[PDB]
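**Student:** So I pulled this structure from the PDB, and the sequence comes with it:
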Amino acid sequence: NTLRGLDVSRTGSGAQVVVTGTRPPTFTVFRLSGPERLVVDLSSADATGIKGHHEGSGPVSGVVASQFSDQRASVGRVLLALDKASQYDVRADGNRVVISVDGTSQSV
């Protein structure tokens, strides 16, 4: 597999989404509106997270995942419907890709 685990840490200051994988992931993150959404596209690996979204995540209303094929390769799209406006921050560390969804406060 490429993606081996997927974790969501809902908290009031920021919700963290973690995607763990066997190789460093190429990704792109972007926004959509009507409804407010955050979208992550993952290459080589298609990471799908589901049923991990708690009914009390202050940020994430829900998460849908789908993979599409490009030749023998696969692109996975993760879609997070939101409860409030976010400023996402994404960083990689080893085989983990971290996305933290902050509200409107970016630095203390």
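**Tutor:** Noted; the coordinates are in hand. Numbering: from 1, shown residues only.
**Student:** which residue sits farthest out from the middle of this protein?
**Tutor:** For the chain, the largest distance from the centre (Cα atoms, centre = their mean) belongs to residue 71, which lies 24.4 Å off.
**Student:** How much space separates that residue from residue 24?
**Tutor:** Counting by Cβ to Cβ, to the nearest Å, the gap between residue 71 and residue 24 amounts to 21 Å. Backbone N, C-alpha and C define where each C-beta goes, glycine included.
**Student:** got it, and residue 61?
**Tutor:** On the measure of Cβ to Cβ, residue 61 and residue 24 end up 29 Å apart.
**Student:** and residue 103, what is it in contact with?
**Tutor:** Taking Cβ atoms under 8 Å, 6 or more residues apart in numbering, we find residue 103 in contact with 14, 84-87.
**Student:** Now with 7 Å, please.
**Tutor:** 84-86 (Cβ atoms under 7 Å, 6 or more residues apart in numbering).
**Student:** Let me know the closest of those to residue 45.
**Tutor:** residue 86 (23.5 Å; Cβ to Cβ).
**Student:** isn't the closest one right up against residue 104?
**Tutor:** No - between residue 86 and residue 104 there is no contact under Cβ atoms under 7 Å: 8.5 Å.
**Student:** Compare the two (neighbour count), which wins?
**Tutor:** Ranked by neighbour count (other Cβ atoms under 10 Å), residue 86 and residue 104 place residue 86 first, with 22 against 8.
**Student:** and the closest residue to that one other than its chain neighbours, how far is that from residue 5?
**Tutor:** Closest residue in space to residue 86, ignoring its immediate chain neighbours: residue 101 at 4.3 Å, by Cβ to Cβ, 6 or more residues apart in numbering. According to Cβ to Cβ, residue 101 and residue 5 sit 19 Å apart.
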